[PDB]
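To keep things clear, I will list the structure first and then write my remarks on it.
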Amino acid sequence: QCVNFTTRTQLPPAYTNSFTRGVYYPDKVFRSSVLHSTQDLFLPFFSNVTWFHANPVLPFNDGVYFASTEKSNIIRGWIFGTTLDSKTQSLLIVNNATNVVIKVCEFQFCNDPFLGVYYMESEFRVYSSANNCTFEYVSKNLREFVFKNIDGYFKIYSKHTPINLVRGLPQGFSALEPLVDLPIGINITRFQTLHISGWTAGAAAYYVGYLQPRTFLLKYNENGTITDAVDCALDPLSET
Amino acid sequence: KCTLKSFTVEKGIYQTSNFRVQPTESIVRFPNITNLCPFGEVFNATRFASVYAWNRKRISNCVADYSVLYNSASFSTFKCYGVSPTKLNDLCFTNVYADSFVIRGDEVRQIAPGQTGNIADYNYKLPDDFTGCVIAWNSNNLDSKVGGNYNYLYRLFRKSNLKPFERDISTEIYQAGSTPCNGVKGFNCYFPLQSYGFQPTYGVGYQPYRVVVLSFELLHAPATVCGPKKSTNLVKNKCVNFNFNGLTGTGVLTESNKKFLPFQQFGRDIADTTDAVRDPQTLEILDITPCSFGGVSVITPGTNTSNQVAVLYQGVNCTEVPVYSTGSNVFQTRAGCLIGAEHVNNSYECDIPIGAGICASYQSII
Amino acid sequence: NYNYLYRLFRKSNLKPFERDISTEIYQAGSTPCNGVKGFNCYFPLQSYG
Ligand SMILES: *[C@@H]1O[C@H](CO)[C@@H](O[C@@H]2O[C@H](CO)[C@@H](O)[C@H](O)[C@H]2NC(C)=O)[C@H](O)[C@H]1NC(C)=O
Ligand SMILES: *[C@@H]1O[C@H](CO)[C@@H](O[C@@H]2O[C@H](CO)[C@@H](O)[C@H](O)[C@H]2NC(C)=O)[C@H](O)[C@H]1NC(C)=O
Ligand SMILES: *[C@@H]1O[C@H](CO)[C@@H](O[C@@H]2O[C@H](CO)[C@@H](O)[C@H](O)[C@H]2NC(C)=O)[C@H](O)[C@H]1NC(C)=O
Ligand SMILES: *[C@@H]1O[C@H](CO)[C@@H](O[C@@H]2O[C@H](CO)[C@@H](O)[C@H](O)[C@H]2NC(C)=O)[C@H](O)[C@H]1NC(C)=O
Ligand SMILES: *[C@@H]1O[C@H](CO)[C@@H](O)[C@H](O)[C@H]1NC(C)=O
Ligand SMILES: *[C@@H]1O[C@H](CO)[C@@H](O)[C@H](O)[C@H]1NC(C)=O
Ligand SMILES: *[C@@H]1O[C@H](CO)[C@@H](O)[C@H](O)[C@H]1NC(C)=O
Ligand SMILES: *[C@@H]1O[C@H](CO)[C@@H](O)[C@H](O)[C@H]1NC(C)=O
Ligand SMILES: *[C@@H]1O[C@H](CO)[C@@H](O)[C@H](O)[C@H]1NC(C)=O
């Protein structure tokens, strides 16, 4: 139940300094006051992050880091897949008052997939057809999300942090606690961010970055929380 | 004498063997286990569909205890080909498919790999390499009616047989002869579907029989559905072997005050040695320490002089000694636990060094 | 001919270099045989066609 659109809100992408964000807990094993070196997919330090102010189609590759400085939970939905049609499995993710709402199957998405809000809200028009599937799962601010697909497991890590600065990414460090694991394997190569609500949304900003395999050194405090992270393949000082 | 491989031993201390406190019992602790597969609506439904329109059900992402299903004595026919029933709770595949229908009593055997028949070739076909189980139980008291149950139909006429796991719902008029029919019966045109005539007065083999076939499929996706995995109780202050949610280790378990974040499961300290585990059931953080082990040593004044010796257990507390369970007065020292030698108040030169500043000598042995 | 008979069912595996000729019924289910096949009981030893 969707139509086309005339106002092409196509804007050039901005570029931002990544700084030292994008750290999650690699293993679920507690540790105390240690310095542990581990290699995995991460967001390299002091990289550049693509800033987006319809919504284009972006590659997924190894992993995706998605950040949003929002007020009152603006960004809601996520579309994942390779062909984004009924030929190949697609993933729909919806954020609500609960944790997550996940559907895993082939749907039909148009050029302008959006949920729609009614002003008590009752509207869903992101897709049009539902053929078959089995996997359904139900459970001022800065929200950080890491999306990974490793050896048949889909992992979403999430974190929320109160922020007051507007433009730049905070110069702070906070690990990403794990949120959701799905023991289902898909070969996703592309993803898209859902629109909100003719639709009226121009100040919908988000940061997108990519992850690569490399090695980090992590410091665990006495309470089992990560306080410092040091890159290896960055500087002659860091390698030492 | 054995270790030295000699018939004479001079004065001194030697090392013979080692000991370790053996574990007492076995404890396994597992999650609470939930999400039973919905087989109640499959095996105890209000009704089943026809054989040529067999009902198909998908079972995935749940737990299915086949022990209770096998223990049911209400099943007249219970034939498993892929695996033995006793091993159903052990091995499992990624998902289960259930095909439920109703057939006549004599046709129960027709639902089998490499079998031919009206049902086996026009209603439902089973692959020769079929794995799973087939369950046929009488439903005369439910499906059959005194007035004649015509609600169930079966296909009888078709030019070609049915493929494995294929269902036909076509109502096209069968044309045995060469004369075409425009959807009407005639000289050589007959209805491929015939209605069943199940009645209570019918004898054994004619009563309605509900048949459910479970086929287990093992696509590369991880397995989700099979039998439950048993859980046991917990003990403390008695080192045993434990299997906490797949983590296997031996040691003694005590209360720990360390704090886990709500997403960890088991900590460690260094060199990847487990040091604290949270139980899957009550979600409490414990502490792990293996019971002490130590090399035993023999203090002897020499075979030539005497033949009584003293035993040293290195680096163990004098609380767990176990034939020398009692022997003589037992002394506890920093180096270990000494048995067979009495402790004195004097202080002489050193003869057979023991450690931690103390040593023994022959007077008995002091 | 039916002079060659073999066993299908047993409680466990067999040790190397030994023979067992126990011509007894087997409990194929939770129901005890009690010397009678009835249900869930079959003879382990049978011939070849
Ligand atoms: C439901 O949709 C799925 C997805 O297309 C179909 O599943 C495929 O089935 C074929 C046939 O064996 C397999 O080779 C593929 O690996 C399956 N893929 C997935 C993603 O499941 C399925 O055929 C459809 N129908 C039913 C009844 O499940
Ligand atoms: C690590 O954990 C300990 C134990 O909870 C913390 O010590 C407590 O911290 C709270 C928060 O300020 C105080 O209200 C308590 O009085 C503290 N207890 C004691 C005995 O001092 C400690 O602050 C934590 N440290 C970090 C860096 O997380
Ligand atoms: C498994 O089920 C038992 C049975 O209820 C749970 O034990 C209860 O735990 C709560 C909170 O820990 C207590 O308030 C109850 O008194 C306990 N009941 C009994 C009978 O001891 C146990 O927590 C469950 N384990 C889980 C959910 O992991
Ligand atoms: C050998 O074990 C005993 C039994 O626990 C120890 O005795 C207690 O030790 C604790 C410390 O572990 C003390 O707090 C108690 O006061 C002791 N009570 C008694 C009655 O002794 C003993 O200390 C252990 N041996 C050594 C050398 O530590
Ligand atoms: C990315 O950010 C860095 C620092 O903020 C900047 O120097 C660079 O020009 C930006 N663009 C690219 C393509 O690197
Ligand atoms: C994705 O494509 C690869 C191609 O090799 C295939 O092996 C894999 O099964 C596909 N994933 C799914 C979920 O179909
Ligand atoms: C379901 O049916 C089977 C056989 O028809 C019977 O053994 C079992 O007790 C039934 N279960 C329930 C809950 O009625
Ligand atoms: C034992 O001691 C006695 C007395 O010193 C000595 O005569 C004898 O040779 C010794 N024998 C051995 C085997 O040491
Ligand atoms: C001395 O001997 C007495 C018993 O005779 C004993 O109670 C005491 O602990 C001993 N003191 C020392 C220092 O050996």
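Chains: A, B, ... in order of the structure tokens. Residues: from 1 per chain. Ligands: from 1, in order shown.
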
Show me, as a PyMOL selection string, the residues that have an atom within 9 Å of segment 246-250 of chain B when counting only C-alpha atoms, minus same-chain residues fewer than 5 positions from it. chain B and resi 23+28-30+239-241+274+288-291

Write a file of the just-selected residues containing C-alpha atoms, as a PDB file, in the first residue's frame.
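After the write, part02.pdb holds the following:
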```
ATOM      1  CA  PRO B  23      35.718 -36.048  43.123  1.00  0.00           C
ATOM      2  CA  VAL B  28      24.810 -30.859  35.863  1.00  0.00           C
ATOM      3  CA  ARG B  29      22.895 -27.578  35.818  1.00  0.00           C
ATOM      4  CA  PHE B  30      20.983 -26.494  32.726  1.00  0.00           C
ATOM      5  CA  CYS B 239      34.710 -30.854  44.871  1.00  0.00           C
ATOM      6  CA  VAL B 240      33.039 -32.736  42.049  1.00  0.00           C
ATOM      7  CA  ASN B 241      32.832 -32.652  38.275  1.00  0.00           C
ATOM      8  CA  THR B 274      37.767 -20.355  34.728  1.00  0.00           C
ATOM      9  CA  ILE B 288      35.693 -22.505  41.659  1.00  0.00           C
ATOM     10  CA  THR B 289      38.799 -23.929  43.346  1.00  0.00           C
ATOM     11  CA  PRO B 290      40.135 -27.438  42.629  1.00  0.00           C
ATOM     12  CA  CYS B 291      40.824 -29.647  45.620  1.00  0.00           C
TER      13      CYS B 291
END
```

Could the residues that lie within 12 Å of ligand 9, counting only C-alpha atoms and all ligand atoms, be listed as a tab-separated table (two decimals) with N, CA, C and O atoms, in the first residue's frame?
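And here's selection.tsv as it stands now:
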```tsv
chain	number	residue	atom	x	y	z
B	342	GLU	N	56.60	-37.32	65.86
B	342	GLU	CA	56.09	-36.47	66.92
B	342	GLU	C	56.82	-35.14	66.94
B	342	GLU	O	57.99	-35.04	66.57
B	343	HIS	N	56.11	-34.10	67.37
B	343	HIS	CA	56.64	-32.75	67.41
B	343	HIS	C	57.17	-32.44	68.80
B	343	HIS	O	56.50	-32.71	69.80
B	344	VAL	N	58.38	-31.89	68.87
B	344	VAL	CA	59.05	-31.64	70.13
B	344	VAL	C	59.22	-30.14	70.33
B	344	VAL	O	58.86	-29.33	69.47
B	345	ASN	N	59.76	-29.77	71.49
B	345	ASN	CA	60.00	-28.37	71.83
B	345	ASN	C	61.45	-27.95	71.66
B	345	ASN	O	61.72	-26.74	71.62
B	346	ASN	N	62.38	-28.89	71.56
B	346	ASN	CA	63.79	-28.56	71.52
B	346	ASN	C	64.16	-28.06	70.12
B	346	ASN	O	63.30	-27.81	69.28
B	347	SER	N	65.46	-27.91	69.88
B	347	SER	CA	65.94	-27.43	68.58
B	347	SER	C	67.37	-27.90	68.42
B	347	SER	O	68.25	-27.46	69.16
```

Quick one: residues within 8 Å of ligand 2, with only C-alpha atoms and all ligand atoms, as a list in words? residues 221, 222, 223 and 225 of chain A

Would you mind exporting the chosen residues as a PDB file, in the first residue's frame, restricted to N, CA and C atoms?
```pdb
ATOM      1  N   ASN A 221      38.286  -2.944  33.715  1.00  0.00           N
ATOM      2  CA  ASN A 221      38.429  -2.452  35.076  1.00  0.00           C
ATOM      3  C   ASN A 221      38.042  -3.559  36.054  1.00  0.00           C
ATOM      4  N   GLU A 222      38.078  -3.253  37.352  1.00  0.00           N
ATOM      5  CA  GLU A 222      37.758  -4.259  38.357  1.00  0.00           C
ATOM      6  C   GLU A 222      36.304  -4.700  38.296  1.00  0.00           C
ATOM      7  N   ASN A 223      35.434  -3.916  37.668  1.00  0.00           N
ATOM      8  CA  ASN A 223      34.019  -4.242  37.592  1.00  0.00           C
ATOM      9  C   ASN A 223      33.620  -4.859  36.260  1.00  0.00           C
ATOM     10  N   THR A 225      34.051  -3.672  33.097  1.00  0.00           N
ATOM     11  CA  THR A 225      33.642  -2.744  32.056  1.00  0.00           C
ATOM     12  C   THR A 225      34.865  -2.197  31.334  1.00  0.00           C
TER      13      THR A 225
END
```

Per residue of chain C within 12 Å of chain B, which atom pair is closest and at what distance in Å (one decimal), using only C-alpha atoms, listed by chain and increasing number, as a Markdown table?
```
| residue | atom | partner | partner_atom | distance |
| --- | --- | --- | --- | --- |
| C:9 | CA | B:84 | CA | 11.3 |
| C:11 | CA | B:86 | CA | 11.8 |
| C:27 | CA | B:86 | CA | 11.8 |
| C:28 | CA | B:86 | CA | 9.2 |
| C:29 | CA | B:71 | CA | 8.1 |
| C:30 | CA | B:71 | CA | 6.9 |
| C:31 | CA | B:71 | CA | 8.8 |
| C:39 | CA | B:73 | CA | 9.5 |
| C:40 | CA | B:78 | CA | 9.9 |
```

Please find the residues of chain B near chain A - the criterion being any atom within 8 Å, counting only C-alpha atoms - and write them as a PyMOL selection string. chain B and resi 221-222+259-261+263-269

Any residue with an atom at most 8 Å from ligand 8 counts, using only C-alpha atoms and all ligand atoms. Which are they? Put them as JSON, numbers by chain. {"B": [8, 10, 303, 304, 305]}

Shell around residue 210 of chain A at 9 Å using only C-alpha atoms, local window under 2 positions removed, as a compact mmCIF listing (two decimals) with N, CA, C and O atoms, in the first residue's frame:
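Result file is out-v3.txt:
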```txt
# COMPACT_ATOMS: atom_id res chain seq x y z
N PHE A 42 36.09 -4.37 13.49
CA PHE A 42 35.88 -3.16 14.27
C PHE A 42 35.76 -1.96 13.34
O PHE A 42 35.97 -2.05 12.13
N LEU A 43 35.41 -0.83 13.94
CA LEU A 43 35.45 0.45 13.23
C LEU A 43 36.80 1.10 13.48
O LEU A 43 37.07 1.50 14.62
N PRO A 44 37.66 1.23 12.48
CA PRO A 44 39.01 1.75 12.72
C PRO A 44 38.98 3.16 13.30
O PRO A 44 38.15 3.99 12.93
N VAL A 49 33.37 9.08 8.70
CA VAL A 49 32.04 8.50 8.74
C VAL A 49 31.15 9.30 7.79
O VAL A 49 31.23 10.54 7.76
N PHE A 60 26.22 -3.46 2.71
CA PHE A 60 26.42 -3.97 4.06
C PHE A 60 27.85 -4.47 4.28
O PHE A 60 28.44 -4.18 5.33
N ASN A 61 28.40 -5.22 3.33
CA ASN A 61 29.79 -5.70 3.41
C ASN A 61 29.96 -6.55 4.66
O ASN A 61 29.07 -7.33 5.02
N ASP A 62 31.12 -6.46 5.32
CA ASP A 62 31.38 -7.27 6.50
C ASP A 62 30.46 -6.89 7.66
O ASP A 62 29.82 -7.75 8.26
N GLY A 63 30.38 -5.60 7.98
CA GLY A 63 29.57 -5.14 9.09
C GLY A 63 29.21 -3.69 8.91
O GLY A 63 29.75 -2.99 8.05
N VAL A 64 28.28 -3.22 9.74
CA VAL A 64 27.79 -1.85 9.63
C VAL A 64 27.72 -1.23 11.01
O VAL A 64 27.21 -1.85 11.95
N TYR A 65 28.24 0.00 11.15
CA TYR A 65 28.06 0.80 12.35
C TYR A 65 27.12 1.95 12.01
O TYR A 65 27.41 2.75 11.11
N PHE A 66 26.01 2.03 12.73
CA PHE A 66 24.97 3.02 12.48
C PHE A 66 24.77 3.85 13.74
O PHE A 66 24.45 3.30 14.80
N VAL A 208 26.94 6.72 9.15
CA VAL A 208 27.16 5.36 8.68
C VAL A 208 28.66 5.12 8.56
O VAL A 208 29.38 5.96 7.99
N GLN A 212 36.22 -3.38 9.59
CA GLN A 212 37.28 -4.14 8.97
C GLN A 212 37.94 -5.02 10.02
O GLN A 212 37.86 -4.74 11.22
```

If you count only C-alpha atoms and all ligand atoms, which residues end up within 12 Å of ligand 5, as an mmCIF file with N, CA and C atoms, in the first residue's frame?
```
data_model
loop_
_atom_site.group_PDB
_atom_site.id
_atom_site.type_symbol
_atom_site.label_atom_id
_atom_site.label_comp_id
_atom_site.auth_asym_id
_atom_site.auth_seq_id
_atom_site.Cartn_x
_atom_site.Cartn_y
_atom_site.Cartn_z
ATOM 1 N N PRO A 13 26.183 13.611 0.553
ATOM 2 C CA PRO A 13 26.603 13.128 1.869
ATOM 3 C C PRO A 13 27.758 13.939 2.433
ATOM 4 N N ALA A 14 27.642 14.266 3.715
ATOM 5 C CA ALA A 14 28.695 14.959 4.440
ATOM 6 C C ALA A 14 29.699 13.949 4.984
ATOM 7 N N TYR A 15 30.805 14.463 5.510
ATOM 8 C CA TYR A 15 31.894 13.627 5.998
ATOM 9 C C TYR A 15 32.313 14.107 7.380
ATOM 10 N N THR A 16 32.473 13.171 8.319
ATOM 11 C CA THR A 16 32.744 13.523 9.707
ATOM 12 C C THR A 16 33.901 12.683 10.236
ATOM 13 N N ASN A 17 34.623 13.215 11.221
ATOM 14 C CA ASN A 17 35.686 12.447 11.859
ATOM 15 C C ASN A 17 35.103 11.407 12.807
ATOM 16 N N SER A 18 35.607 10.173 12.711
ATOM 17 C CA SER A 18 35.055 9.072 13.492
ATOM 18 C C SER A 18 35.492 9.107 14.950
ATOM 19 N N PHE A 19 36.722 9.526 15.218
ATOM 20 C CA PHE A 19 37.299 9.588 16.574
ATOM 21 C C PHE A 19 37.402 8.154 17.108
ATOM 22 N N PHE A 45 39.899 3.410 14.221
ATOM 23 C CA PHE A 45 39.953 4.693 14.902
ATOM 24 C C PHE A 45 40.311 5.813 13.934
ATOM 25 N N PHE A 46 39.790 7.005 14.221
ATOM 26 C CA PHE A 46 40.119 8.223 13.483
ATOM 27 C C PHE A 46 39.913 8.044 11.982
ATOM 28 N N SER A 47 38.832 7.365 11.630
ATOM 29 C CA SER A 47 38.401 7.242 10.249
ATOM 30 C C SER A 47 37.419 8.365 9.938
ATOM 31 N N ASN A 48 36.797 8.283 8.769
ATOM 32 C CA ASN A 48 35.759 9.227 8.389
ATOM 33 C C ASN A 48 34.447 8.475 8.220
ATOM 34 N N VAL A 49 33.372 9.085 8.703
ATOM 35 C CA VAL A 49 32.038 8.500 8.736
ATOM 36 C C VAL A 49 31.153 9.300 7.792
ATOM 37 N N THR A 50 30.336 8.597 7.006
ATOM 38 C CA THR A 50 29.471 9.259 6.040
ATOM 39 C C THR A 50 28.197 9.735 6.725
ATOM 40 N N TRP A 51 27.860 11.004 6.530
ATOM 41 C CA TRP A 51 26.733 11.634 7.197
ATOM 42 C C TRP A 51 25.619 11.864 6.189
ATOM 43 N N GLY A 168 29.018 17.436 16.140
ATOM 44 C CA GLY A 168 30.030 16.405 16.119
ATOM 45 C C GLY A 168 29.701 15.218 17.003
ATOM 46 N N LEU A 169 30.393 14.118 16.731
ATOM 47 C CA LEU A 169 30.289 12.950 17.586
ATOM 48 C C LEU A 169 30.954 13.234 18.931
ATOM 49 N N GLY A 209 29.120 3.991 9.083
ATOM 50 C CA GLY A 209 30.513 3.615 8.960
ATOM 51 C C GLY A 209 30.648 2.117 8.778
#
```

I want to know what sits within 10 Å of residue 211 of chain B, based on only C-alpha atoms, with residues of the same chain fewer than 5 positions away left out; could you give that as a ChimeraX atom specification? /B:43,48,51,54,75,77-78,99-104,108,111,134-139

Quick one: residues within 7 Å of ligand 1, with only C-alpha atoms and all ligand atoms, as a PDB file with N, CA, C and O atoms, in the first residue's frame?
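File written: result_16.pdb
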```
ATOM      1  N   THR A  88      14.486 -13.228  -3.032  1.00  0.00           N
ATOM      2  CA  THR A  88      15.473 -13.585  -2.025  1.00  0.00           C
ATOM      3  C   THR A  88      14.982 -13.136  -0.656  1.00  0.00           C
ATOM      4  O   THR A  88      14.249 -12.151  -0.537  1.00  0.00           O
ATOM      5  N   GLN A  89      15.389 -13.875   0.375  1.00  0.00           N
ATOM      6  CA  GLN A  89      14.962 -13.576   1.736  1.00  0.00           C
ATOM      7  C   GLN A  89      15.360 -12.162   2.138  1.00  0.00           C
ATOM      8  O   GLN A  89      16.473 -11.706   1.861  1.00  0.00           O
ATOM      9  N   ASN A 132       5.612 -16.431   2.351  1.00  0.00           N
ATOM     10  CA  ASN A 132       5.792 -17.409   3.417  1.00  0.00           C
ATOM     11  C   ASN A 132       7.018 -17.097   4.269  1.00  0.00           C
ATOM     12  O   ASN A 132       7.999 -16.539   3.767  1.00  0.00           O
ATOM     13  N   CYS A 133       6.961 -17.445   5.556  1.00  0.00           N
ATOM     14  CA  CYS A 133       8.125 -17.427   6.435  1.00  0.00           C
ATOM     15  C   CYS A 133       7.745 -17.964   7.805  1.00  0.00           C
ATOM     16  O   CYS A 133       6.573 -18.205   8.104  1.00  0.00           O
TER      17      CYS A 133
END
```

Using only C-alpha atoms, which protein or nucleic acid residues come within 10 Å of residue 9 of chain A? Drop anything in the same chain fewer than 4 positions from it, and give the result as a PDB file with N, CA, C and O atoms, in the first residue's frame.
```pdb
ATOM      1  N   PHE A   5       6.747   9.148  -5.294  1.00  0.00           N
ATOM      2  CA  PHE A   5       6.919  10.456  -4.682  1.00  0.00           C
ATOM      3  C   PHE A   5       7.596  11.385  -5.677  1.00  0.00           C
ATOM      4  O   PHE A   5       8.334  10.941  -6.562  1.00  0.00           O
ATOM      5  N   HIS A  53      21.751  13.540   5.752  1.00  0.00           N
ATOM      6  CA  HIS A  53      20.752  14.441   6.315  1.00  0.00           C
ATOM      7  C   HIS A  53      19.343  13.933   6.033  1.00  0.00           C
ATOM      8  O   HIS A  53      19.017  13.582   4.900  1.00  0.00           O
ATOM      9  N   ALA A  54      14.865   9.770  -2.139  1.00  0.00           N
ATOM     10  CA  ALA A  54      14.684   9.428  -0.734  1.00  0.00           C
ATOM     11  C   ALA A  54      15.936   8.768  -0.166  1.00  0.00           C
ATOM     12  O   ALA A  54      17.048   9.027  -0.626  1.00  0.00           O
ATOM     13  N   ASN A  55      15.749   7.914   0.834  1.00  0.00           N
ATOM     14  CA  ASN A  55      16.880   7.255   1.475  1.00  0.00           C
ATOM     15  C   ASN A  55      17.510   6.252   0.516  1.00  0.00           C
ATOM     16  O   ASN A  55      16.814   5.366   0.007  1.00  0.00           O
ATOM     17  N   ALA A 201       9.703  15.058   6.451  1.00  0.00           N
ATOM     18  CA  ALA A 201      10.863  14.765   7.291  1.00  0.00           C
ATOM     19  C   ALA A 201      12.112  15.190   6.533  1.00  0.00           C
ATOM     20  O   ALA A 201      12.492  14.545   5.553  1.00  0.00           O
ATOM     21  N   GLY A 202      12.745  16.270   6.986  1.00  0.00           N
ATOM     22  CA  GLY A 202      13.957  16.751   6.353  1.00  0.00           C
ATOM     23  C   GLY A 202      15.160  16.692   7.270  1.00  0.00           C
ATOM     24  O   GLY A 202      16.297  16.550   6.811  1.00  0.00           O
TER      25      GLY A 202
END
```

So how many Å separate atom CA of residue 230 of chain A and atom CA of residue 155 of chain A, to one decimal?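 So the two atoms, atom CA of residue 230 of chain A and atom CA of residue 155 of chain A, lie 23.4 Å apart.
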
Can you pull out the residues contacting residue 115 of chain B? Cut-off 9 Å, using only C-alpha atoms, and skip same-chain residues under 6 positions away; I want them as JSON, numbers by chain. {"B": [109, 121, 125, 126, 128]}

Tell me which protein, DNA and RNA residues are within 9 Å of segment 56-67 of chain B, counting only C-alpha atoms, leaving out same-chain ones fewer than 4 positions away, and put them as a list in words.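 Answer for this query is residues 134 and 135 of chain A; 33, 34, 35, 36, 37, 38, 39, 42, 71, 72, 85, 86, 88, 89, 94, 95, 96, 97, 98, 99, 100, 223, 224, 225, 226, 227 and 228 of chain B.
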
Just to be explicit: take each residue in the selection above, keep N, CA and C atoms, and write the result as a short mmCIF file (atom, residue, chain, number, x, y, z; two decimals), in the first residue's frame.
```
data_model
loop_
_atom_site.label_atom_id
_atom_site.label_comp_id
_atom_site.auth_asym_id
_atom_site.auth_seq_id
_atom_site.Cartn_x
_atom_site.Cartn_y
_atom_site.Cartn_z
N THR A 134 8.77 -18.14 8.64
CA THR A 134 8.61 -18.78 9.94
C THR A 134 9.21 -17.93 11.05
N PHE A 135 10.28 -17.20 10.76
CA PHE A 135 11.05 -16.52 11.80
C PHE A 135 10.45 -15.14 12.07
N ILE B 33 14.50 -24.62 30.56
CA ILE B 33 13.94 -25.36 29.43
C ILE B 33 12.46 -25.06 29.28
N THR B 34 12.09 -24.45 28.15
CA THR B 34 10.70 -24.13 27.87
C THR B 34 10.48 -24.23 26.36
N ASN B 35 9.36 -23.68 25.90
CA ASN B 35 9.00 -23.66 24.48
C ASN B 35 8.88 -25.08 23.92
N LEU B 36 7.94 -25.83 24.48
CA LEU B 36 7.63 -27.15 23.95
C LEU B 36 6.96 -27.02 22.59
N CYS B 37 7.31 -27.92 21.68
CA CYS B 37 6.72 -27.89 20.35
C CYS B 37 5.23 -28.21 20.43
N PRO B 38 4.40 -27.53 19.64
CA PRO B 38 2.93 -27.72 19.72
C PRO B 38 2.45 -28.96 18.98
N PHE B 39 2.74 -30.13 19.54
CA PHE B 39 2.26 -31.38 18.99
C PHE B 39 0.89 -31.79 19.52
N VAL B 42 -1.57 -31.24 16.87
CA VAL B 42 -1.29 -32.07 15.71
C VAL B 42 -1.78 -33.50 15.92
N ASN B 71 6.24 -43.49 24.40
CA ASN B 71 5.67 -44.25 25.51
C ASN B 71 4.16 -44.39 25.43
N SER B 72 3.50 -43.66 24.54
CA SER B 72 2.05 -43.78 24.40
C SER B 72 1.70 -45.15 23.84
N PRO B 85 13.78 -45.39 17.73
CA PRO B 85 13.07 -44.45 18.61
C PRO B 85 13.84 -44.08 19.86
N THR B 86 14.59 -45.01 20.45
CA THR B 86 15.30 -44.73 21.69
C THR B 86 16.34 -43.63 21.51
N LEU B 88 15.80 -40.99 19.50
CA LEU B 88 15.14 -39.78 19.02
C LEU B 88 15.51 -38.57 19.87
N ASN B 89 15.62 -38.75 21.19
CA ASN B 89 15.98 -37.65 22.08
C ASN B 89 17.44 -37.25 21.96
N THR B 94 17.44 -29.92 11.51
CA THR B 94 17.13 -28.50 11.65
C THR B 94 15.64 -28.23 11.77
N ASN B 95 14.78 -29.09 11.21
CA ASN B 95 13.35 -28.87 11.35
C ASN B 95 12.60 -30.17 11.12
N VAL B 96 11.30 -30.15 11.43
CA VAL B 96 10.43 -31.31 11.32
C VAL B 96 9.22 -30.95 10.47
N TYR B 97 8.79 -31.88 9.62
CA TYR B 97 7.58 -31.74 8.83
C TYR B 97 6.63 -32.87 9.16
N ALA B 98 5.39 -32.53 9.48
CA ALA B 98 4.37 -33.50 9.87
C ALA B 98 3.30 -33.56 8.79
N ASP B 99 3.04 -34.77 8.28
CA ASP B 99 1.99 -35.01 7.30
C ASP B 99 0.93 -35.87 7.96
N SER B 100 -0.26 -35.31 8.16
CA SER B 100 -1.35 -35.98 8.84
C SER B 100 -2.50 -36.24 7.88
N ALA B 223 20.32 -26.73 13.89
CA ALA B 223 19.21 -27.52 14.40
C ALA B 223 18.56 -26.82 15.59
N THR B 224 17.24 -26.97 15.70
CA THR B 224 16.49 -26.24 16.72
C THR B 224 15.61 -27.14 17.58
N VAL B 225 15.11 -28.24 17.01
CA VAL B 225 14.06 -29.03 17.64
C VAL B 225 14.55 -30.46 17.85
N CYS B 226 14.61 -30.87 19.12
CA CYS B 226 14.76 -32.27 19.51
C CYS B 226 14.55 -32.38 21.01
N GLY B 227 14.82 -33.58 21.53
CA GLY B 227 14.48 -33.94 22.89
C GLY B 227 15.16 -33.09 23.95
N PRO B 228 14.53 -33.00 25.12
CA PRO B 228 15.08 -32.17 26.19
C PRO B 228 16.32 -32.80 26.81
#
```

DSSP strand (DSSP E or B) residues within segment 47-290 of chain B, listed as a PyMOL selection string: chain B and resi 55-59+63+77-80+95-104+125+132-138+149+153-155+164+174-175+189-190+193-195+198+208-217+240-244+247-255+266-268+274-278+285-289

Restrict the calculation to only C-alpha atoms and all ligand atoms, then for each residue of chain B with any atom at most 8 Å from an atom of ligand 3 give the closest atom pair and their distance in Å to one decimal, rows by chain and rising residue number, as a tab-separated table.
```
residue	atom	partner	partner_atom_place_in_ligand_line	distance
B:31	CA	ligand 3	28 (O)	6.0
B:32	CA	ligand 3	1 (C)	4.9
B:280	CA	ligand 3	28 (O)	5.8
B:281	CA	ligand 3	28 (O)	4.1
B:282	CA	ligand 3	23 (O)	4.9
B:283	CA	ligand 3	28 (O)	6.4
```

Write as an MDAnalysis selection string the residues around ligand 4, taking 8 Å as the cut-off and counting only C-alpha atoms and all ligand atoms. chainID B and resid 317:319 332:334
